[PDB]
Structure formats: structure tokens, C-alpha cells
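Heads up, the thing below is written out as C-alpha cells.
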Amino acid sequence: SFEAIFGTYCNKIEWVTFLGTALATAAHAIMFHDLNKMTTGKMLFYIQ
Amino acid sequence: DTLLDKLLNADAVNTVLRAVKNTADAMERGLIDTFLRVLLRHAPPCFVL
């Protein structure tokens with residue numbers, strides 16, 4: 001008798017990246033290491 | 001560090017160093033204090049002496 005443990009076929013994970021994805025054309029990703037220190041971000045606009 | 005951490009860290013350093021520095025000051029002044037108080041507790045007045 002035999003069991004024939006054949007090749008364990010370790011399926012490698014498919015990688016992603018945020019900027020490589022198509023949502024980053026709507027995003028605008030900015031590192032800011034005191035985001036843990038902001039209250040918020042509150043862009044003022046002047047419209048004539 | 002996007003530089004706002006750096007003042008906070010060096011002020012932590014300054015606070016610890018000033019704590020130890022004024023601590024050595026307090027140790028010296030407490031030595032002055034208890035030395036003076038021992039001389040007071042071992043010094044009789046002039047109308048006794």
C-alpha cells in the first residue's frame with residue numbers, strides 16, 4: 001500500500017498595491033507622520 | 001519624525017535632565033538644611049553658655 005503524498009502545491013499570494021490599482025486616480029495619497037497629531041484638515045477656498 | 005516629534009522628545013530629555021539637575025540641587029540644599037538643623041539641635045544659647 002501507499003498514500004502518495006504528491007507535491008504540496010503552495011499557491012503563492014497575488015500582490016496588490018494601492019497606487020497600482022485604478023482607485024488611486026481618484027485618490028491622492030499623502031504620507032504625513034503627524035496625522036496622529038492633527039485635529040483635522042480643513043481647506044479654505046476663496047471664490048470670487 | 002516630521003520634526004514635531006523632535007521638540008517633544010528633546011523636551012522629554014530636557015525635563016528628565018532638569019529633574020535630575022534640580023534633584024541634585026535639592027539634595028545639596030537638604031544637606032545644608034539638616035546640617036543646620038543638627039547644629040541648631042546641638043547648639044545651646046549664649047545665656048546658657
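Each chain in the C-alpha cells gets a letter, A, B, ..., in the order shown, and its residues are numbered from 1; ligands are numbered from 1 in order too.
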
Do me a favour and pick out the residues of chain B within 12 Å of chain A, using only C-alpha atoms, as an NGL selection string.
:B and (1-6 or 8)

Which polymer residues have any atom within 12 Å of an atom of residue 18 (chain A), counting only C-alpha atoms, with same-chain residues fewer than 4 positions away left out, as an NGL selection string?
:A and (22-29)

Kindly give the distance, in Å, that separates CA of residue 30 (chain A) and CA of residue 44 (chain A), rounded to a single decimal.
18.7 Å

List every residue of chain A that DSSP, applied to the backbone, labels as helix (DSSP H, G or I), and write the result as a list in words.
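Taking chain A and keeping helix (DSSP H, G or I) only, one gets residues 22, 23, 24 and 25 of chain A.
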
Prev. selection, N, CA and C atoms, output as a short mmCIF file (atom, residue, chain, number, x, y, z; two decimals), in the first residue's frame:
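New file selection-v3.cif:
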data_model
loop_
_atom_site.label_atom_id
_atom_site.label_comp_id
_atom_site.auth_asym_id
_atom_site.auth_seq_id
_atom_site.Cartn_x
_atom_site.Cartn_y
_atom_site.Cartn_z
N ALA A 22 -6.62 51.11 -9.80
CA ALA A 22 -7.23 52.21 -10.53
C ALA A 22 -7.95 53.21 -9.64
N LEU A 23 -8.12 52.92 -8.36
CA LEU A 23 -8.78 53.88 -7.48
C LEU A 23 -7.87 55.05 -7.16
N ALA A 24 -6.57 54.87 -7.29
CA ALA A 24 -5.63 55.93 -6.97
C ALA A 24 -5.64 57.06 -7.98
N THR A 25 -6.35 56.94 -9.10
CA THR A 25 -6.55 58.12 -9.93
C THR A 25 -7.61 59.03 -9.33
#

As an exercise, work out the distance from CA of residue 10 (chain B) to CA of residue 39 (chain A) in Å and give it to one decimal place.
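So the two atoms, CA of residue 10 (chain B) and CA of residue 39 (chain A), lie 23.1 Å apart.
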
Hey, can you check how far CA of residue 15 (chain B) sits from CA of residue 38 (chain A)?
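Taking CA of residue 15 (chain B) as the start and CA of residue 38 (chain A) as the end point, the length is 24.3 Å.
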